[PDB]
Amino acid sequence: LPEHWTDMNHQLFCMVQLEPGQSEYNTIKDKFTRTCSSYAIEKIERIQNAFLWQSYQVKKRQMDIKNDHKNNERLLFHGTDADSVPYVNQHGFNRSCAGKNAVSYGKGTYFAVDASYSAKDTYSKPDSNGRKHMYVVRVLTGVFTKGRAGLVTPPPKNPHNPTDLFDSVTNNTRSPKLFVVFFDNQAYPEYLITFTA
């Protein structure tokens, strides 16, 4: 497990509240406020999930071997409802639970480049106390292409070799604003931002 994590004392899961003024808090706040300056952060929690981390790190090493470069990982946003937060914290992102996107590039889990997109009430639905929830997520975007609404996996790179797949898809390869991933353990929920108007 990463050496900067808090000691969980044999436990496999912990949410750690970050302190404003620490570099770790400030980098996430700045990434958020770059496009969400009209909202205010209540708190930022580091997600320490040993099993999700292990499974994600195995997929990352595999993708780093296959693609024969790094640059497979992006830090993206995912807005969700309060009812989903316990499941995501413990089990991560499940495509079987994903809603249809208003612009669909495939049947998978969606991640935004900009916090403003994830901050829409459609995604980060305000709870009964007006709190909105957004994850900051390590996503294995790898090698990507423009998606299509019918996809249940990324498309093949070559139609004559249908099993050799792109890693993810996007809305626009030249100016990506979202990514869709179709497999478990391709996304690690790293931070949970709780925020309000």
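In this text, rigid core is short for the largest set of C-alphas that superpose within 1.5 Å between two forms. In this text, residue numbers run from 1 along the sequence as written.
Rigid core superposition in 8 other deposited structures of this protein puts the Cα atoms of one stretch, out of 64-72 and 50-58, farther from the shown form on average, and that stretch is 64-72. In summary, of the stretches 102-110 and 117-125, 102-110 shows the greater Cα distance from the shown form in 8 other deposited structures of this protein, with structures fitted on the rigid core.
Comparing 63-71 with 159-167, the stretch with the higher mean C-alpha B-factor in the PDB entry is 63-71.
Of the two stretches examined, 119-127 and 72-80, the record assigns the greater average C-alpha temperature factor to 119-127. Highest CA B-factor among the listed residues (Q48, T33, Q54, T145): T33. When all modelled residues of the chain are sorted by CA temperature factor, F93 is found within the highest third. In the deposited entry, the Cα temperature factor of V152 sits in the top third of values across the chain's modelled residues. The PDB entry assigns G21 a C-alpha temperature factor belonging to the highest third of its chain's modelled residues. Annotation for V181: C-alpha temperature factor in the middle third relative to the rest of the modelled chain, per the entry. Residue-level temperature factors show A187 in the lowest third of its chain, judged at the C-alpha atom.
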